[PDB]
There are 4 protein chains.
Amino acid sequence: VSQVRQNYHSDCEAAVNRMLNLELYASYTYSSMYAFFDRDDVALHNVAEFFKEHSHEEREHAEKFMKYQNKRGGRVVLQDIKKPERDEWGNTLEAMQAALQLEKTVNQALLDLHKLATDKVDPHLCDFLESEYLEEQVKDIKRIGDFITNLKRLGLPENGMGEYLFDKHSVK
Amino acid sequence: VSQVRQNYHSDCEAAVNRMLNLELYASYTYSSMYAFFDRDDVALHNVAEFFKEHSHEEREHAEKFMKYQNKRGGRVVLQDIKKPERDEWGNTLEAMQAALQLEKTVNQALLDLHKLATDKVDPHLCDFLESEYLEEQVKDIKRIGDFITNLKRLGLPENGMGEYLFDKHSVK
Amino acid sequence: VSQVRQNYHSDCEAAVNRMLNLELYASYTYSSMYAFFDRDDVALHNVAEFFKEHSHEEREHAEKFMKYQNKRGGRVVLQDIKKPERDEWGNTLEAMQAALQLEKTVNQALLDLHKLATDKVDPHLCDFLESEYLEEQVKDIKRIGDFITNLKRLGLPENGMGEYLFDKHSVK
Amino acid sequence: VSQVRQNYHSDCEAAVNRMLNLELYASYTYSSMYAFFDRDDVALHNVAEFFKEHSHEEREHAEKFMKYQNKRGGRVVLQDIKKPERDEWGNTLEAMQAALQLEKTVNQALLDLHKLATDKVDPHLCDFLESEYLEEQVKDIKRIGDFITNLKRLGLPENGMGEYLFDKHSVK
C-alpha cells in the first residue's frame, strides 16, 4: 500500500472512482444540451451557455476527485464515459427537467458516499464531501428548480414567447 | 417620573408602545412574504427582495420609536409580535394587496397617534410623526398602488408571463 | 412534494421552524436590553449598542434559517414571537448573566437539532449548523463569560464606578 | 405696519422678544459655568468646554430669533440680560442639575410660544419652533439627564475620582 495511505478504506477508494465516473457522465450530458440549444433550429444562446458552464463545472468536480484519490493514497481507475440518454432535448423545459433528475442522481450518489465514509469512520472524506460538494449540489438544484417553476409560469412547452423571454432574462 | 419628562402625556406613551409593536408586526409580515417568494415553487426573486427591504424598514421604524420613547423619558414596554395572518401569499397580486391593507392599517394607527398628540398639545411628538413617518407612508402606499395597477394590467392572477415580467421590470 | 426536496426529513424541517422562532426570541430579548441601557436613568450607551448589535446578529441567524428551509425544499411556518422575560434588566451584571443563559439555551437547541439531523442522516444540515451556528455560539458564550468575570472583578452590582469603567473600556 | 407683515399677531412678536431675551439669559449662565470649571481650584476642562459650547449654541438660538422677527416683520426690542443666579457652581453634578432646570425652563417657554402660535393660527411660527428649537431641546435634555445618572453612579458629590473619570470619558 501507498506510503501515504492512512485510514482510507478500500471500499471508499472504489466509490470515489465510481463517483468520478458519474461527474464525467454528468458533464457529457450537459455538453450535449449545449450543442442542442446552439442548433440553428433551436437557437437559445443563453440557455446553451448555461449548460456549457455546467459542463465545465462537473468536469472540475471530477478532477477534484482524481486529486483527492491521490492525496489519500488511492488509485484512480477510469472507465468508459457513457453517452447521454437523448440526442435531442425537446426544449428548455424538458432540458431543465432532465437537468434536475441528473443533479438529484449525482446528489444521491454523494449522499451515499458520505454514508459509506461515515460507517468507515473516515472523517476526512466526510469533511471533503460536506465542504466541496454537498452544498454546491443543494444550490445547483434550487436554481434549476426555480427555472422550472418560471418556465411553467411562462407557459412551456407550448408558449414560444415564454421560451424566448426566459432565455433573455432568467439566465446569465 | 423620569427627570427628563416634560409635557409627555402618559396616554401618548402608551400609544407609542402600541405603535412600536405594530411596526414589528408589519415587519414580520413582510418577512413572511419574502420567504414565500423565495420558495422554489414560487421563485420570484426580485419581488422577494422587495419584501425583504420593506421588512428591514419597518423594523427600523420600530427602533426609532424605542429611541423616541427614551428621549422623552417614557418607558418601552414590549408585547408578543403576532404571527402574520397567512402562511402562503398566493401570488404577487394577493401579496401586494395584502401589503396595501397593511400599509393602510399602519398609516391609520399613525394618524390616530397624531390626533392624540394634537389633543394632548404635544408638538414635539406631532413633528416627529410628520417628519419620520407620515410622509414615508404615503410614498409606500403610492408605490404599492402603482404596483397593483400594473399587476392588473398584466393580467394577474391568470397571466404568468405577466407576473414574470413584473418581477423583471417593476422591481429591482 | 417540493421538486427540490432530497434527504430532508419532516422532523428536521419542523425543528428548523422551531429554531427559527428561538433565534427571533433571542433577537427580541436583546432589543429589550438595548432599550433598557438607553434609558435616561440607566444611560450606559456602549452597553446598549452591544446589545443592539446582538439583536441584529440573532435576527440574521433567523433569516439564514428561512433561506435554508427554502434551499432544501422545506417550508417556513412562522409563529408569534414571545415578548421577553423582563421589562427591566437591573444592571450590566444582571444583563450579562441573562445573556449567558439565553446563548446557552439557544446553543442547546442547536445541539439538539444537530442530533436530530444525525439520527436522520442529513449531512448537509449537520454541516450547515457546524459552519454557520455552532462556532459563533461558542465565541459568543466565551465573550459573555469573560465579561461576567470582569464585571465581578469591577465590583458589580454595588460598585457604580466599576460599571461605568466597563462600559468605557470593555465594549465599543 | 411693516410692508412684510402677514398673519403675525402682536402677542407673538412680543413673546418672541421675551423668548429671545431668555436664550441670552441661558447663554450667560452657561458662560458662568465655563469660567467656574476653568478656575485653578476647579480644573475640569472638558466640563468647562462643554458649557462653553452650550453657551454658544444658546446665543446662536437668540440670534436666530432676531432674524425671524425681521423676516415676519416684527421688531426686535431688547432687554437687560440678567446675571446668572450663582457665581459658583459647586461641582459637576450640581452644575448639571442646574443646567437641567435651565434647559427645561427654556423648553417650557418654547412650548408656551408654540401654544400661543397655535391659538393665533400661525403655522409658519409653529414650523420654525418645531424645526429649529424643539427637537434640539429634548436632545440636550436627554444628554444632561444621561450625564447626571452617570455622575450619580460615579459617586458624586463625594467621590472625586468619579468627577475626574467623568471629565475624561463622558464629555468631548
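We use all heavy atoms of the structure for the numbers below, so side chains are in, but hydrogens, waters and symmetry mates are not. A, B, ... follow the sequence lines: proteins, then strands. Residue 1 opens every chain.
Of the possible polar contacts, none joining the B/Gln137 side chain to the B/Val106 backbone as a donor-acceptor pair under 3.5 Å is found. Not one N or O on the side chain of C/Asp122 forms a donor-acceptor pair closer than 3.5 Å with the backbone of C/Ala117. Side-chain atoms of C/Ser131 do not come within 3.5 Å of backbone N or O of C/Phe128 as any donor-acceptor pair. B/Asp40 places no side-chain N or O within donor-acceptor distance of the main-chain N or O of A/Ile148, the cut-off being under 3.5 Å. One N or O on the side chain of C/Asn21 and one on the backbone of C/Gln79 form a donor-acceptor pair closer than 3.5 Å. Checked by atom type and distance alone, the side chain of A/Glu88 pairs as donor or acceptor with a backbone atom of A/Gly90 at under 3.5 Å. Judged purely by atom type and a 3.5 angstrom limit, C/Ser55 has no side-chain atom pairing as donor or acceptor with the backbone of C/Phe51. With hydrogens and angles ignored, the 3.5 Å screen pairs a side-chain donor or acceptor of A/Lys104 with a backbone N or O of C/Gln3. Between the B/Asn159 side chain and the B/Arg153 main chain, no donor and acceptor come within less than 3.5 Å of each other.
Between A/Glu135 and C/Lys71 the shortest side-chain heavy-atom distance falls below 4.5 Å. Counting heavy atoms from C-beta on, the side chains of A/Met161 and A/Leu165 come closer than 4.5 Å. No side-chain heavy atom of A/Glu60 sits less than 4.5 Å from a side-chain heavy atom of A/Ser27. Under the 4.5 Å side-chain criterion, counting only non-hydrogen atoms from C-beta, C/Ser2 is not in contact with B/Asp41. Side-chain contact between C/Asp127 and A/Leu134: absent, with no pair of heavy atoms (C-beta onward) separated by less than 4.5 Å. Residues C/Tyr133 and C/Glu23 meet the side-chain proximity criterion, which asks for heavy atoms closer than 4.5 Å. Contact annotation: the side chain of A/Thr29 never approaches that of A/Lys83 to less than 4.5 Å [non-hydrogen atoms, C-beta and beyond]. Contact check for C/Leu125 versus C/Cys12: side-chain heavy atoms found under the 4.5 Å cut-off.
How far OG1 of A/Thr105 is from CG of A/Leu22: 7.5 Å, rounded to the nearest 0.5 Å. The OG atom of A/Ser170 sits 9.5 Å away from atom CG of A/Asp146, with the distance rounded to the nearest 0.5 Å. Rounding to the nearest 0.5 angstrom, the gap separating the CD atom in A/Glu85 from the OH atom in A/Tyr25 is 3.5 Å. Note that the CG atom of A/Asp167 and the CD atom of A/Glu49 stand 10.5 Å from one another [nearest 0.5 Å]. Atom CG of A/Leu24 sits about 10.0 Å away from atom CE of A/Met19, to the nearest 0.5 Å. Note that CG of A/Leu151 is 11.5 Å distant from CD1 of A/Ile144, once rounded to the nearest 0.5 Å.
Residues that satisfy the side chain to side chain contact (heavy atoms under 4.5 Å, CB included) test with C/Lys172, not counting sequence neighbours, are C/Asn46. Listed by chain and number, the residues in a side chain to side chain contact (heavy atoms under 4.5 Å, CB included) with A/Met66 are A/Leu20, A/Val76 (sequence neighbours excluded).
Here the closest heavy-atom approach between residue A/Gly74 and residue A/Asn70 is recorded as O-OD1, 3.7 Å. Of all the heavy atoms in B/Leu93 and B/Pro157, the pair that sits closest is CD2-CD, 4.1 Å. Residues B/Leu156 and B/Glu163 come closest through the heavy atom pair CD2-N, 3.5 Å. Nearest approach of A/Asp38 to A/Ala48, heavy atoms of both residues: N-CB, 4.2 Å. The minimum heavy-atom distance between B/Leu44 and B/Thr92, with the atom names listed, is CD2-OG1, 3.9 Å. The shortest non-hydrogen separation linking A/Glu58 to A/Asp140 is OE2-OD2, 4.4 Å.
A side-chain contact (heavy atoms from CB on, under 4.5 Å) with C/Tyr8 is found for one member of C/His124, C/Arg72, C/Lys120 and no other, namely C/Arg72. Tested against B/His54, the residues B/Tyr34, B/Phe37, B/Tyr28, B/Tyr30 include a single ring-ring contact (aromatic ring centres under 6.0 Å, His included) partner, B/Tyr30. Exactly one residue among A/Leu111, A/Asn107, A/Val138 makes a side-chain contact (heavy atoms from CB on, under 4.5 Å) with C/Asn7. That residue is A/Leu111.
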Verdict with supporting geometry, A/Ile141 and A/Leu100, side-chain contact (heavy atoms from CB on, under 4.5 Å): CA-CA 6 Å; A/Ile141 297 167; A/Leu100 184 61; 3.7 Å; yes
Side chain to side chain donor-acceptor pair (under 3.5 Å) assessment of C/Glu130 paired with C/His114: CA-CA 8 Å; C/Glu130 277 159 30; C/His114 195 289; 3.0 Å; yes
Worked verdict on C/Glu136 versus C/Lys139 for salt bridge (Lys or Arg N to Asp or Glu O under 4.0 Å): CA-CA 5 Å; C/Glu136 259 67 29; C/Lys139 293 211 278 283; 3.1 Å; yes
CA sep, side-chain torsions, deciding dist, call: B/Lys52, B/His56, side-chain contact (heavy atoms from CB on, under 4.5 Å): CA-CA 6 Å; B/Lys52 217 228 257 284; B/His56 298 167; 3.5 Å; yes
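Salt-bridge check for C/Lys82 with C/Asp80: failed, with every basic side-chain N at 4.0 Å or more from each acidic carboxylate O. Between A/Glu103 and A/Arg143 there is no salt bridge, since none of the side-chain N atoms of the basic residue sits less than 4.0 Å from a carboxylate O of the acidic one. In this structure, A/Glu63 does not pair ionically with A/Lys67, as no charged nitrogen and carboxylate oxygen lie closer than 4.0 Å. Note on C/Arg5 versus C/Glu13: salt bridge recorded, some NZ/NE/NH1/NH2 to OD/OE distance being below 4.0 Å.
For residues 145-172 of chain A, the ring pair (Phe, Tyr, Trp, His ring centres under 6.0 Å) pairs, not counting sequence neighbours, are A/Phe50-A/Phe147, A/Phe147-A/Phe166, A/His169-B/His169.
Residue-environment remark: CZ (C/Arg18) stays at or below the threshold of 12 foreign heavy atoms within 6.0 Å. Other residues, nucleotides and ligands contribute over 12 non-hydrogen atoms within 6.0 Å of the NZ atom of A/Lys168.
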